[PDB]
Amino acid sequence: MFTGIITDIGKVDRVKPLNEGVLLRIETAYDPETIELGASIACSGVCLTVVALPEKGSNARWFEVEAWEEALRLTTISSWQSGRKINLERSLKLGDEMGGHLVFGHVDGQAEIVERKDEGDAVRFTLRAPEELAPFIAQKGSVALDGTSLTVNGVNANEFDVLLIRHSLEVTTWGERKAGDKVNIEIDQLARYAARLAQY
């Protein structure tokens, strides 16, 4: 589990073809001596499992994950090539506060940035989502976009706004985001369960 507070911008260094999947080697600022095999790392919102790390005597910092059909088809990972910059977050540890918005890394789908506008040193992103996700995108609600926890600023039908502050633009991949880009979206877990209850 995660909070949607991005702590590193990883870079996809190597892409290798697997049997209906891909092997991703992701360069990171994280110390590999703090990562265990089988650990969960959120990669632009997608929870992925570490399968390989550098040898103990290596100076290089990276981790390897394997993305399979579900992650490939639903998330932006299908378009990830060598050089791609991604948001990274380590898993919450027992003892850590849960905060105001839990992110689990099971991405619901994708939203498209349809407009990008500067507002001082901040940037307003207008996005469109699939109809199915619209009931979950609510005013003042929290949502994870590319693994980044963000407040829904304005909403118009299937379109909604998020306001990204200068700091968030610097430490995440959001600074390079352009109109037309796809981002991973994860709705709130509590709202998800509340809605599933309501249909009964």
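The first residue of the shown sequence is 1; numbering continues from there.
Comparing 39 to 47 with 24 to 32, the stretch with the higher mean C-alpha B-factor in the PDB entry is 24 to 32. Taking only CA atoms, the mean B-factor in the PDB entry is higher for 155 to 163 than for the other of 63 to 71 and 155 to 163. Placement of the Cα temperature factor of residue 184 within the chain: lowest third of the modelled residues, per the deposited record.
Placement of the Cα temperature factor of residue 194 within the chain: middle third of the modelled residues, per the deposited record. In the PDB entry, residue 117 places in the highest third of its chain by CA B-factor. In the PDB entry, a CA B factor belonging to the highest third of its chain's modelled residues is recorded for residue 123. When the modelled residues of the chain are ordered by their C-alpha B factor, residue 148 lands in the lowest third.
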